[PDB]
Amino acid sequence: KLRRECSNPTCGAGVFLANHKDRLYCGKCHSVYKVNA
RNA sequence: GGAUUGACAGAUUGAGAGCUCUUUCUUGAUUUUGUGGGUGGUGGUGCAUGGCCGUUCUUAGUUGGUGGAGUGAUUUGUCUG
Ligand SMILES: [Zn+2]
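Criteria and cut-off values
- Residues numbered from 1 in each chain as written, not as in the entry; some residues may be left out.
- Chains lettered and ligands numbered in written order.
- Part of a larger assembly, values for the part shown.
- Heavy atoms only, no water.
- UniProt positions renumbered as here; feature names shortened; annotations may be inferred.
- Helix = DSSP H or I, 4+ residues; strand = E, 2+ residues; numbered from the N terminus.
- Buried < 20%, exposed > 50% of the residue type's maximum accessible area, 1.4 Å probe, protein only.

Looking at the method and resolution fields of the entry, one finds cryo-EM and 4.4 Å.

Colleague: Kindly report on the UniProt feature "zinc finger region: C4-type" in chain A, identifying the contributing residues and their values.
Modeller: Those places that UniProt annotates as "zinc finger region: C4-type" correspond, in this numbering, to residues 6-29. Summarising residues 6-29: 0% helix, 33% strand, and an end-to-end C-alpha distance of 12 Å.

Colleague: Can you tell me about unusual backbone geometry, naming the residues and giving the values?
Modeller: Its identity as a non-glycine residue notwithstanding, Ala13 has a phi of 55°, on the positive side. Relative to the elements of secondary structure, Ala13 occurs in the segment before β1 (17-20). Note on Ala13: relative accessible area 33%, which makes it partly exposed. Located in the positive-phi region is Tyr33, a residue other than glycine, with phi close to 65°. On the secondary structure map, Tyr33 appears in the segment after β2 (23-26).

Here it is in structure tokens:
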């Protein structure tokens, strides 16, 4: 499967990642969990 | 394969205000917009009004009960010192 899973410690590695310019944004939370890669 | 709804990177504003936008994940089923239909307004209405306050006012005023006077208003009591 494409559309990357995340390393979310509040989830079971299933939340998708909003790919931006230098951002896989976790939308599960409001603002936090902005792991930059 | 999207009601409400949140944001970082940045023009953004006064903001380290995601509010709008490049954004794209999900926090999400709870009426998100019109009609019904509240609630608020420190909005006009104390000239529509509750209480309360002030003034008429430290000058003392007020009145039923039987009786008199008139016919009825009204008086007499409540007035000459
Ligand atoms: Zn994350």
